[PDB]
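J.: Below is one structure. I have some questions about it.
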Amino acid sequence: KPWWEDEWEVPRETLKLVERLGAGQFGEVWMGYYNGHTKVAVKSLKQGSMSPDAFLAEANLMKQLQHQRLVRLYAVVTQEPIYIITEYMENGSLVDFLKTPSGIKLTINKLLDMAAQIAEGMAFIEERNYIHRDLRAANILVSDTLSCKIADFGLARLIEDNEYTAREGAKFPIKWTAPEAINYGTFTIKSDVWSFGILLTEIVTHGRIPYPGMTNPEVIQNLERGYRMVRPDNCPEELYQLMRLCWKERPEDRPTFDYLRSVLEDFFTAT
């Protein structure tokens with residue numbers, strides 16, 4: 001709908017930007033307040049750094065993917081500088097939170113709980129026919145009550161037919177990306193399942209980089225031999241065998257997110 005009819009458009013005067021959380025080539029992320037009292041995150045587009053249409057495409061997708069376990073779109077300001085306003089998550093990205101003192105003291109039970117929360121968000125994305133394509137701990141946000149939500153929908157896509165095929169030139173992080181996507185540019189919800197397995201390693205190692213001591217060509221070489229990531233230090237074997245299911249060679253043999261959520265809940269209610 002046009003901005004004057006859109007439920008998400010808000011006048012820029014309703015926002016006060018207070019603290020800058022991040023700055024990059026395409027813009028900034030700030031903590032701010034909407035109408036004085038409601039804390040929100042605001043992502044601003046650096047004019048000319050990228051297409052405003054590409055930038056807003058993420059917000060349009062978020063209008064269709066609303067769930068408790070996904071960071072919620074709050075509003076948009078479509079006049080330059082363009083803003084996308086979202087739900088504020090007090091503890092920031094999971095990859096950073098797990099390294100703080102509070103994060104370091106978490107029990108394996110709480111880590112399994114957070115893992116199940118993320119699988120629950122991804123089961124919603126699965127059921128709605130979308131894919132995320134950038135699932136990693138950096139893209140999970142943590143609330144003040146230690147609940148987790150899926151974030152960063154820039155690469156997310158509605159999947160009309162089972163598969164999304166990227167651009168031959170498009171590049172993805174090798175350590176988190178499924179083989180079929182690295183090799184063919186083909187993504188399905190099963191590519192996200194692979195990524196989830198890698199994310200589980202990030203959770204259990206308190207944010208360590210996957211495949212320790214290995215370069216990308218080494219990871220590729222090992223995967224092709226049938227090897228998978230070495231058991232992380234202090235990782236429960238039940239969890240490791242769940243990661244292995246996510247890393248099966250054939251995408252169709254990998255589990256669904258609903259299955260992953262169900263097992264992780266059992267692991268938590270047990271621990």
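Residues are referred to by chain and number: the chain letter is A, B, ... according to the order shown in the structure tokens, the number counts from 1 in that chain, and ligands are numbered separately from 1 in the order shown.
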Find the spatial neighbours of residue 134 (chain A), counting only C-alpha atoms, within a cut-off of 10 Å - ignore same-chain residues fewer than 5 positions away - and output them as JSON, numbers by chain.
T.: {"A": [139, 151, 152, 153, 154, 155, 156, 172, 173, 176, 177, 191, 192, 195, 196]}
J.: Using DSSP on the backbone coordinates, identify the residues of region 73-104 of chain A assigned to helix (DSSP H, G or I); present them as a compact mmCIF listing (two decimals) with N, CA, C and O atoms, in the first residue's frame.
T.:
# COMPACT_ATOMS: atom_id res chain seq x y z
N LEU A 94 23.27 -12.82 19.88
CA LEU A 94 23.58 -13.97 20.67
C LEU A 94 25.11 -14.22 20.67
O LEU A 94 25.64 -14.66 21.71
N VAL A 95 25.76 -14.06 19.52
CA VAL A 95 27.21 -14.32 19.43
C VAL A 95 27.97 -13.42 20.39
O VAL A 95 28.98 -13.87 20.96
N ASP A 96 27.47 -12.20 20.64
CA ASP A 96 28.12 -11.29 21.59
C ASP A 96 27.67 -11.58 23.03
O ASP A 96 28.46 -11.57 23.98
N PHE A 97 26.40 -11.90 23.20
CA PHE A 97 25.87 -12.14 24.54
C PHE A 97 26.53 -13.33 25.25
O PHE A 97 26.83 -13.30 26.45
N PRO A 101 29.81 -11.74 30.85
CA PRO A 101 29.80 -12.53 32.08
C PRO A 101 28.52 -13.34 32.31
O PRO A 101 28.57 -14.47 32.78
N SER A 102 27.37 -12.72 32.01
CA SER A 102 26.08 -13.38 32.16
C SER A 102 26.00 -14.54 31.19
O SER A 102 25.62 -15.65 31.58
N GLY A 103 26.45 -14.31 29.97
CA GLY A 103 26.42 -15.36 28.96
C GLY A 103 27.32 -16.53 29.34
O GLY A 103 26.95 -17.71 29.19
N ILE A 104 28.52 -16.21 29.82
CA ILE A 104 29.46 -17.26 30.22
C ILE A 104 28.91 -18.15 31.35
O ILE A 104 29.15 -19.36 31.36
J.: Would you mind listing what lies within 8 Å of region 224-235 of chain A as a VMD selection string, with only C-alpha atoms counted and same-chain residues fewer than 4 positions away left out?
T.: chain A and resid 201 204 to 205 210 to 211 220 239 to 240 244 247
J.: Which region 175-234 of chain A residues have any atom within 9 Å of an atom of region 248-261 of chain A, and for each, what is the nearest pair of atoms with distance in Å to one decimal, counting only C-alpha atoms, rows sorted by chain and number, as a Markdown table?
T.:
| residue | atom | partner | partner_atom | distance |
| --- | --- | --- | --- | --- |
| A:178 | CA | A:251 | CA | 8.7 |
| A:179 | CA | A:249 | CA | 8.2 |
| A:180 | CA | A:251 | CA | 8.2 |
| A:188 | CA | A:251 | CA | 8.3 |
| A:189 | CA | A:256 | CA | 8.4 |
| A:190 | CA | A:251 | CA | 5.4 |
| A:191 | CA | A:251 | CA | 7.0 |
| A:193 | CA | A:254 | CA | 7.0 |
| A:194 | CA | A:254 | CA | 7.8 |
| A:226 | CA | A:249 | CA | 8.4 |
J.: Could you give me, as a PyMOL selection string, the residues within 12 Å of residue 45 (chain A), counting only C-alpha atoms and dropping anything in the same chain fewer than 4 positions from it?
T.: chain A and resi 23-30+49-56+76-85
J.: With distances taken over only C-alpha atoms, which of A:63, A:11, A:182, A:238 is nearest to residue 266 (chain A)?
T.: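 Checking each candidate against residue 266 (chain A), we get A:238 as the closest.
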